[PDB]
Each structure stands twice: as structure tokens, then as C-alpha cells.
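Q: Structure file entry.cif, mmCIF, N, CA and C atoms, is pasted below:
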data_target
loop_
_atom_site.label_atom_id
_atom_site.label_comp_id
_atom_site.auth_asym_id
_atom_site.auth_seq_id
_atom_site.Cartn_x
_atom_site.Cartn_y
_atom_site.Cartn_z
N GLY A 1 12.65 -190.47 15.05
CA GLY A 1 13.48 -190.48 16.24
C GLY A 1 12.87 -189.71 17.40
N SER A 2 11.57 -189.43 17.29
CA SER A 2 10.86 -188.70 18.34
C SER A 2 11.53 -187.36 18.62
N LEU A 3 11.19 -186.36 17.81
CA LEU A 3 11.76 -185.02 17.98
C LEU A 3 11.18 -184.33 19.21
N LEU A 4 9.87 -184.50 19.42
CA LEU A 4 9.20 -183.90 20.56
C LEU A 4 9.88 -184.31 21.86
N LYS A 5 10.05 -185.62 22.04
CA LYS A 5 10.69 -186.16 23.24
C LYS A 5 12.09 -185.57 23.42
N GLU A 6 12.77 -185.30 22.31
CA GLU A 6 14.11 -184.74 22.35
C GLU A 6 14.11 -183.35 22.97
N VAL A 7 13.12 -182.55 22.61
CA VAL A 7 13.01 -181.19 23.13
C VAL A 7 12.67 -181.20 24.62
N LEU A 8 11.83 -182.15 25.03
CA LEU A 8 11.45 -182.25 26.44
C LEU A 8 12.66 -182.56 27.30
N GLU A 9 13.47 -183.51 26.85
CA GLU A 9 14.67 -183.91 27.57
C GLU A 9 15.68 -182.77 27.59
N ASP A 10 15.74 -182.01 26.50
CA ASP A 10 16.65 -180.89 26.40
C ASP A 10 16.36 -179.86 27.48
N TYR A 11 15.08 -179.61 27.71
CA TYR A 11 14.65 -178.65 28.73
C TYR A 11 14.99 -179.16 30.12
N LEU A 12 14.53 -180.38 30.42
CA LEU A 12 14.78 -180.99 31.72
C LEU A 12 16.26 -180.94 32.07
N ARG A 13 17.11 -181.12 31.07
CA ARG A 13 18.55 -181.08 31.28
C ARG A 13 19.02 -179.64 31.43
N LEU A 14 18.40 -178.75 30.67
CA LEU A 14 18.75 -177.34 30.74
C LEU A 14 18.32 -176.75 32.08
N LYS A 15 17.51 -177.50 32.83
CA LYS A 15 17.03 -177.05 34.13
C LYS A 15 18.10 -177.25 35.20
N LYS A 16 18.27 -178.49 35.63
CA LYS A 16 19.27 -178.82 36.65
C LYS A 16 19.00 -178.04 37.94
N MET O 1 20.43 -186.43 14.34
CA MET O 1 20.47 -185.82 12.98
C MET O 1 19.69 -184.51 12.94
N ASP O 2 18.64 -184.43 13.76
CA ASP O 2 17.81 -183.23 13.81
C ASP O 2 17.61 -182.78 15.26
N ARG O 3 18.63 -182.98 16.08
CA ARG O 3 18.56 -182.59 17.49
C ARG O 3 18.87 -181.11 17.67
N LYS O 4 19.77 -180.60 16.83
CA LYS O 4 20.15 -179.19 16.89
C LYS O 4 18.95 -178.29 16.64
N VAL O 5 18.04 -178.74 15.79
CA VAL O 5 16.85 -177.98 15.46
C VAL O 5 15.96 -177.80 16.69
N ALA O 6 15.92 -178.82 17.53
CA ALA O 6 15.11 -178.78 18.74
C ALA O 6 15.69 -177.80 19.75
N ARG O 7 16.97 -177.94 20.02
CA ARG O 7 17.65 -177.05 20.96
C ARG O 7 17.68 -175.63 20.41
N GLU O 8 17.64 -175.52 19.08
CA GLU O 8 17.66 -174.21 18.44
C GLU O 8 16.35 -173.49 18.67
N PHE O 9 15.24 -174.18 18.45
CA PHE O 9 13.94 -173.59 18.66
C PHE O 9 13.71 -173.41 20.16
N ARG O 10 14.05 -174.44 20.92
CA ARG O 10 13.92 -174.40 22.37
C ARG O 10 14.70 -173.20 22.92
N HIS O 11 15.91 -173.00 22.41
CA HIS O 11 16.74 -171.88 22.83
C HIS O 11 16.03 -170.57 22.54
N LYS O 12 15.40 -170.50 21.37
CA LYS O 12 14.66 -169.31 20.96
C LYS O 12 13.53 -169.04 21.94
N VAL O 13 12.90 -170.10 22.43
CA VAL O 13 11.81 -169.98 23.38
C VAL O 13 12.28 -169.28 24.65
N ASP O 14 13.41 -169.75 25.18
CA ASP O 14 13.97 -169.15 26.39
C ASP O 14 14.24 -167.67 26.16
N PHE O 15 14.69 -167.34 24.96
CA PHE O 15 14.97 -165.95 24.60
C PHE O 15 13.68 -165.14 24.52
N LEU O 16 12.62 -165.77 24.02
CA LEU O 16 11.33 -165.10 23.89
C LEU O 16 10.41 -165.43 25.06
N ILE O 17 10.94 -166.09 26.08
CA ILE O 17 10.18 -166.46 27.24
C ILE O 17 11.07 -166.49 28.48
N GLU O 18 11.50 -165.31 28.88
CA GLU O 18 12.38 -165.16 30.04
C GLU O 18 11.71 -165.73 31.29
N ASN O 19 10.40 -165.56 31.39
CA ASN O 19 9.65 -166.05 32.53
C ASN O 19 9.71 -167.58 32.59
N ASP O 20 9.42 -168.13 33.77
CA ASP O 20 9.45 -169.57 33.96
C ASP O 20 8.05 -170.17 33.79
N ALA O 21 7.03 -169.38 34.11
CA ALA O 21 5.65 -169.84 33.99
C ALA O 21 5.32 -170.20 32.56
N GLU O 22 5.56 -169.27 31.65
CA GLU O 22 5.30 -169.51 30.24
C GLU O 22 5.95 -170.82 29.82
N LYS O 23 7.11 -171.09 30.41
CA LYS O 23 7.84 -172.32 30.14
C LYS O 23 7.14 -173.50 30.79
N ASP O 24 6.55 -173.25 31.96
CA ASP O 24 5.83 -174.29 32.68
C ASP O 24 4.60 -174.73 31.89
N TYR O 25 3.88 -173.75 31.35
CA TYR O 25 2.69 -174.04 30.55
C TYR O 25 3.08 -174.80 29.29
N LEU O 26 4.18 -174.38 28.67
CA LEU O 26 4.67 -175.03 27.46
C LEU O 26 5.05 -176.48 27.74
N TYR O 27 5.67 -176.70 28.90
CA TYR O 27 6.08 -178.04 29.29
C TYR O 27 4.87 -178.97 29.38
N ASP O 28 3.80 -178.47 29.98
CA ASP O 28 2.58 -179.24 30.13
C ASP O 28 1.97 -179.54 28.77
N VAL O 29 2.12 -178.60 27.84
CA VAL O 29 1.59 -178.77 26.49
C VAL O 29 2.34 -179.87 25.75
N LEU O 30 3.66 -179.86 25.89
CA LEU O 30 4.50 -180.85 25.23
C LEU O 30 4.24 -182.24 25.81
N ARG O 31 4.11 -182.30 27.13
CA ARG O 31 3.86 -183.57 27.81
C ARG O 31 2.50 -184.13 27.40
N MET O 32 1.55 -183.23 27.14
CA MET O 32 0.22 -183.63 26.73
C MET O 32 0.25 -184.30 25.36
N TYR O 33 0.95 -183.67 24.42
CA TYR O 33 1.07 -184.20 23.07
C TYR O 33 1.71 -185.59 23.09
N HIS O 34 2.72 -185.76 23.93
CA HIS O 34 3.42 -187.04 24.03
C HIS O 34 2.52 -188.11 24.63
N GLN O 35 1.79 -187.75 25.68
CA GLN O 35 0.90 -188.69 26.36
C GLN O 35 -0.40 -188.90 25.58
N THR O 36 -1.04 -187.81 25.18
CA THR O 36 -2.30 -187.88 24.45
C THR O 36 -2.08 -188.22 22.98
N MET O 37 -0.94 -187.80 22.44
CA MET O 37 -0.63 -188.05 21.03
C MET O 37 -1.65 -187.37 20.12
N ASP O 38 -2.21 -186.26 20.60
CA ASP O 38 -3.20 -185.50 19.84
C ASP O 38 -2.72 -184.08 19.57
N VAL O 39 -2.64 -183.72 18.30
CA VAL O 39 -2.19 -182.39 17.90
C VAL O 39 -3.30 -181.35 18.07
N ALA O 40 -4.51 -181.81 18.39
CA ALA O 40 -5.63 -180.91 18.58
C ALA O 40 -5.52 -180.20 19.92
N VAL O 41 -5.04 -180.94 20.92
CA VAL O 41 -4.87 -180.38 22.24
C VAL O 41 -3.69 -179.41 22.25
N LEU O 42 -2.69 -179.72 21.44
CA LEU O 42 -1.50 -178.89 21.32
C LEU O 42 -1.84 -177.53 20.72
N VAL O 43 -2.62 -177.55 19.64
CA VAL O 43 -3.02 -176.31 18.97
C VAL O 43 -3.74 -175.36 19.92
N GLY O 44 -4.68 -175.91 20.69
CA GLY O 44 -5.43 -175.10 21.63
C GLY O 44 -4.56 -174.44 22.68
N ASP O 45 -3.82 -175.25 23.43
CA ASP O 45 -2.94 -174.75 24.48
C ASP O 45 -1.82 -173.90 23.88
N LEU O 46 -1.33 -174.31 22.71
CA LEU O 46 -0.25 -173.59 22.05
C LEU O 46 -0.60 -172.11 21.90
N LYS O 47 -1.74 -171.84 21.29
CA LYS O 47 -2.20 -170.47 21.09
C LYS O 47 -2.24 -169.71 22.41
N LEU O 48 -2.75 -170.37 23.45
CA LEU O 48 -2.84 -169.77 24.77
C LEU O 48 -1.50 -169.18 25.19
N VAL O 49 -0.43 -169.95 24.99
CA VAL O 49 0.91 -169.49 25.34
C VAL O 49 1.67 -169.01 24.10
N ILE O 50 0.97 -168.91 22.98
CA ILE O 50 1.58 -168.45 21.73
C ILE O 50 0.64 -167.50 20.98
N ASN O 51 -0.21 -166.82 21.73
CA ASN O 51 -1.15 -165.88 21.14
C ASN O 51 -0.53 -164.49 20.95
N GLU O 52 0.80 -164.40 21.02
CA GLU O 52 1.48 -163.12 20.84
C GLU O 52 2.57 -163.24 19.77
N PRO O 53 2.77 -162.18 18.97
CA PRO O 53 3.79 -162.18 17.93
C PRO O 53 5.14 -162.66 18.46
N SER O 54 5.44 -162.27 19.69
CA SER O 54 6.69 -162.67 20.34
C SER O 54 6.67 -164.16 20.66
N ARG O 55 5.49 -164.67 20.99
CA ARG O 55 5.34 -166.08 21.33
C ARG O 55 5.02 -166.93 20.10
N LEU O 56 4.68 -166.27 18.99
CA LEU O 56 4.34 -166.97 17.75
C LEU O 56 5.44 -167.95 17.34
N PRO O 57 6.72 -167.53 17.39
CA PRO O 57 7.85 -168.38 17.01
C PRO O 57 7.79 -169.79 17.61
N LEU O 58 7.08 -169.94 18.73
CA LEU O 58 6.97 -171.24 19.38
C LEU O 58 6.06 -172.18 18.60
N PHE O 59 4.98 -171.63 18.04
CA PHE O 59 4.03 -172.42 17.27
C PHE O 59 4.70 -173.09 16.07
N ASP O 60 5.46 -172.29 15.32
CA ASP O 60 6.16 -172.80 14.15
C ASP O 60 7.38 -173.61 14.55
N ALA O 61 7.98 -173.24 15.68
CA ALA O 61 9.17 -173.91 16.19
C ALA O 61 8.90 -175.37 16.55
N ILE O 62 7.96 -175.59 17.47
CA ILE O 62 7.62 -176.94 17.92
C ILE O 62 7.13 -177.82 16.77
N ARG O 63 6.42 -177.21 15.82
CA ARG O 63 5.87 -177.93 14.67
C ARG O 63 6.86 -178.97 14.11
N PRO O 64 8.03 -178.53 13.60
CA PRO O 64 9.05 -179.41 13.04
C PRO O 64 9.14 -180.76 13.75
N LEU O 65 8.89 -180.77 15.05
CA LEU O 65 8.94 -182.00 15.84
C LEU O 65 7.84 -182.94 15.37
N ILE O 66 6.62 -182.43 15.37
CA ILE O 66 5.45 -183.18 14.94
C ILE O 66 5.74 -183.99 13.67
N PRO O 67 5.38 -185.29 13.65
CA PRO O 67 5.60 -186.16 12.49
C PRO O 67 4.90 -185.64 11.24
N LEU O 68 5.27 -186.18 10.09
CA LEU O 68 4.68 -185.76 8.82
C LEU O 68 3.16 -185.83 8.87
N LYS O 69 2.63 -186.97 9.30
CA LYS O 69 1.19 -187.15 9.40
C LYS O 69 0.57 -186.07 10.28
N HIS O 70 0.99 -186.04 11.54
CA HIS O 70 0.50 -185.06 12.49
C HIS O 70 0.79 -183.64 11.99
N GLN O 71 1.80 -183.51 11.14
CA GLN O 71 2.16 -182.22 10.58
C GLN O 71 1.05 -181.70 9.68
N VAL O 72 0.51 -182.59 8.86
CA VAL O 72 -0.57 -182.24 7.95
C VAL O 72 -1.81 -181.86 8.74
N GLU O 73 -2.13 -182.67 9.75
CA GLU O 73 -3.29 -182.41 10.59
C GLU O 73 -3.05 -181.20 11.48
N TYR O 74 -1.80 -181.01 11.87
CA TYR O 74 -1.42 -179.88 12.72
C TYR O 74 -1.51 -178.58 11.95
N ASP O 75 -0.97 -178.58 10.74
CA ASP O 75 -1.00 -177.40 9.88
C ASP O 75 -2.43 -177.01 9.56
N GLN O 76 -3.28 -178.01 9.36
CA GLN O 76 -4.68 -177.78 9.04
C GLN O 76 -5.39 -177.08 10.20
N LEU O 77 -5.14 -177.56 11.41
CA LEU O 77 -5.75 -176.98 12.60
C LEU O 77 -5.26 -175.55 12.82
N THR O 78 -4.00 -175.31 12.48
CA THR O 78 -3.40 -173.99 12.64
C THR O 78 -3.86 -173.04 11.53
N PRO O 79 -3.86 -171.73 11.80
CA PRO O 79 -4.28 -170.72 10.82
C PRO O 79 -3.29 -170.59 9.66
N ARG O 80 -3.30 -171.58 8.77
CA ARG O 80 -2.41 -171.58 7.62
C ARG O 80 -2.71 -172.75 6.69
#
Would you mind writing the file out in C-alpha cells?

A:
Amino acid sequence: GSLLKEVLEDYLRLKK
Amino acid sequence: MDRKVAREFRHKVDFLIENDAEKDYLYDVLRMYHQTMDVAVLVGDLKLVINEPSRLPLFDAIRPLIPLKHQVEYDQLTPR
């Protein structure tokens, strides 16, 4: 399920 | 199914990386692995931003993400 990609999106969202 | 593990390690990073730069470097490292798909580039840059006991947790943290195959090659490249 692409774990790496999940963490990248998590950060980008945690940014805002 | 394993998303909490990512946010969990990622959360730990923020705790062990109050600065934004360290996070900027890490972001570039993650983007590299995704684009290059090479765990060799990750190991090199990883140490750069994970060459400290406090930053060590990131090396083991991000690992879980890496697929089984890349995990074997990743673990081999890493000091373990």
C-alpha cells in the first residue's frame, strides 16, 4: 500500500 | 492497516526534530527514494540527517515503510 508515500502525505498535510 | 505506524514514527521525528531544516532534508530524502526507488541513496542521506543518537530513531522508523525486498537490501546497507 506504499507506506513511504503515506508518510510523505502525512507531513504535507501536517504542514498546512 | 499500517498508516498509524507512519504517523507514529513521523510524529516521533517532529519530537526529535523541532527544527524545520532537518525536516526539509528528510523530505528530500523521502522524495528521492520514491522517485529514484533506490535504498542506497536513502542510506547515505539518512545518516547525514540521522548521524546522531537523537536522530537515530528516524533510520529505524522510516525503515518499516521500505518493502520486504528493499528491507533486506536496506538492512544490509545499514550498520546491522

Q: As a PyMOL selection string, could you give me every residue of chain A near chain O (at most 6 Å apart, counting only N, CA and C atoms)?

A: chain A and resi 3-4+7

Q: Since we have the selection now, will you write its residues out, keeping N, CA and C atoms, as a PDB file, in the coordinates of the input?

A:
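File written: again00.pdb
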ATOM      1  N   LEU A   3      11.190-186.360  17.810  1.00  0.00           N
ATOM      2  CA  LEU A   3      11.760-185.020  17.980  1.00  0.00           C
ATOM      3  C   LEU A   3      11.180-184.330  19.210  1.00  0.00           C
ATOM      4  N   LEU A   4       9.870-184.500  19.420  1.00  0.00           N
ATOM      5  CA  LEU A   4       9.200-183.900  20.560  1.00  0.00           C
ATOM      6  C   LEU A   4       9.880-184.310  21.860  1.00  0.00           C
ATOM      7  N   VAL A   7      13.120-182.550  22.610  1.00  0.00           N
ATOM      8  CA  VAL A   7      13.010-181.190  23.130  1.00  0.00           C
ATOM      9  C   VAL A   7      12.670-181.200  24.620  1.00  0.00           C
TER      10      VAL A   7
END

Q: Go through chain O and collect every residue that DSSP, computed from the backbone, puts in helix (DSSP H, G or I); the answer should be as a ChimeraX atom specification.

A: /O:3-16,21-36,39-50,56-65,68-77

Q: Compile the contact shell of residue 49 (chain O) as a list in words: residues with an atom at most 8 Å away, counting all atoms listed in the file, same-chain residues fewer than 6 positions apart removed.

A: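 Selected residues are residues 22, 25, 26, 55, 56, 58 and 59 of chain O.
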
Q: Which one is closest to residue 76 (chain O): O:52, O:35, O:47, O:40? Count only C-alpha atoms.

A: O:40

Q: Could you tell me which of O:48, O:21, O:39, O:61 comes closest to residue 74 (chain O) if we count all atoms listed in the file?

A: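 Nearest to residue 74 (chain O): O:39.
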
Q: Give me, please, the distance in Å between CA of residue 45 (chain O) and CA of residue 13 (chain A), quoted to one decimal.

A: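 Taking CA of residue 45 (chain O) and CA of residue 13 (chain A), their separation equals 23.4 Å.
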
Q: Output as AutoDock Vina command-line options the centre and edge lengths (Å, one decimal) of the box along x, y and z of the file that holds every listed atom of region 8-27 of chain O after adding 8 Å on each side.

A:
--center_x 10.2 --center_y -172.0 --center_z 26.3 --size_x 31.0 --size_y 29.9 --size_z 31.7

Q: Hey, can you check how far CA of residue 13 (chain O) sits from CA of residue 57 (chain O)?

A: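 Result for CA of residue 13 (chain O) versus CA of residue 57 (chain O): 7.7 Å, one decimal.
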
Q: For CA of residue 32 (chain O) and CA of residue 50 (chain O), determine how far apart the two atoms are, in Å to one decimal place.

A: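 Rounded to one decimal, the two atoms are 16.0 Å apart.
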